[PDB]
Amino acid sequence: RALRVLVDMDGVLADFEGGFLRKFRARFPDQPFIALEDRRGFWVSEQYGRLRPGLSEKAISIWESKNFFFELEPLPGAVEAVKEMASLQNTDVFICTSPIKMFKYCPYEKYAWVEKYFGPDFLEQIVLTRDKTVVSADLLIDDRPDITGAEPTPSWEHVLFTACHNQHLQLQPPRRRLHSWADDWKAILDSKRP
Ligand SMILES: Cc1cn([C@H]2C[C@H]3O[C@](c4ccccc4)(P(=O)(O)O)OC[C@H]3O2)c(=O)[nH]c1=O
Ligand SMILES: [Mg+2]
């Protein structure tokens, strides 16, 4: 039997936080912003809303804009790590990502992004869903702390991928982290093998 690993896209493969900040500052130069070092909480618009009135609506307009997802930069070592992971024996890798509600560009751009960095053949490994608990696997590497859905008992072990917004979070045992792609991801996968 092959080990199945679900790899998240935003915050794990694609730099959503960095891309957001860069484009927000460029479009709203006279507005206050939040340095990544100061990001707290999964929801960007919520922390921006607390910064000053009207920043939430502006933040939202950034990711709803054409080319936001397509132009995100890969996280350091992400492409290299996933390519190697997918080539490993007895290992099936799927990119499991949740598209935003405004569907005009997001779904399309995510497929285009994967084609760009992983090639045409990797498109077969993409799973788009707003509920990752109904996708079965041994592991789910994702930066969102709370991953819930229709399935109360997911088959996967959620390994928290470190991001600016979750770096200070204390996890309840035996929950663990993958600190970055430079961290030992192979050791994590092996711990799940027969
Ligand atoms: C992946 C990511 C998106 N956003 C943005 C983008 C937008 O995505 C969703 C949204 C909710 C649930 C599943 C998918 C998208 P929306 O419900 O608008 O589709 O929730 C609110 C918004 O929050 C962040 O702030 N941080 C993140 O790490
Ligand atoms: Mg993510």
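Going from the start of the chain as shown, residues are counted 1 onward.
Looks like X-ray crystallography, 1.6 Å, at least that's what the header says.
Even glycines carry a Cβ here, placed using N, Cα and C.
Within the same chain, residues at least 6 positions away in sequence whose Cβ sits under 8 Å from that of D8 (active site, nucleophile) are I95, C96, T97, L140, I141, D142, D143, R144, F161. Annotation comment: Swiss-Prot describes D8 as active site, nucleophile.
If you draw a 10 Å sphere around the CB of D10 (active site, proton donor), it holds 24 other CB atoms from the protein chains shown. In three-state terms derived from DSSP, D10 (active site, proton donor) belongs to an extended strand segment. Annotated active site, proton donor per Swiss-Prot: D10, in sequence order.
Taken from Swiss-Prot, the feature Mg(2+) binding site covers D8, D10, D143. When secondary structure is read from DSSP and collapsed to three states, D143 (Mg(2+) binding site) falls in the coil class. Using a 10 Å Cβ-Cβ cutoff, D143 (Mg(2+) binding site) registers 24 neighbours.
Among the features that Swiss-Prot reports, substrate binding site is placed at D10, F16, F42, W43, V44, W63, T97, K132. Using a 10 Å radius centred on the Cβ of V44 (substrate binding site) and all shown protein chains, the other Cβ atoms total 21.
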Neighbour count (Cβ, 10 Å) for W43 (substrate binding site): 13
Local Cβ density at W63 (substrate binding site) - other Cβ atoms counted within 10 Å: 21
DSSP-derived structure type at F16 (substrate binding site), helix or strand or else coil: helix
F16, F42 as binding-site residues, winner by CB count within 10 A: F16
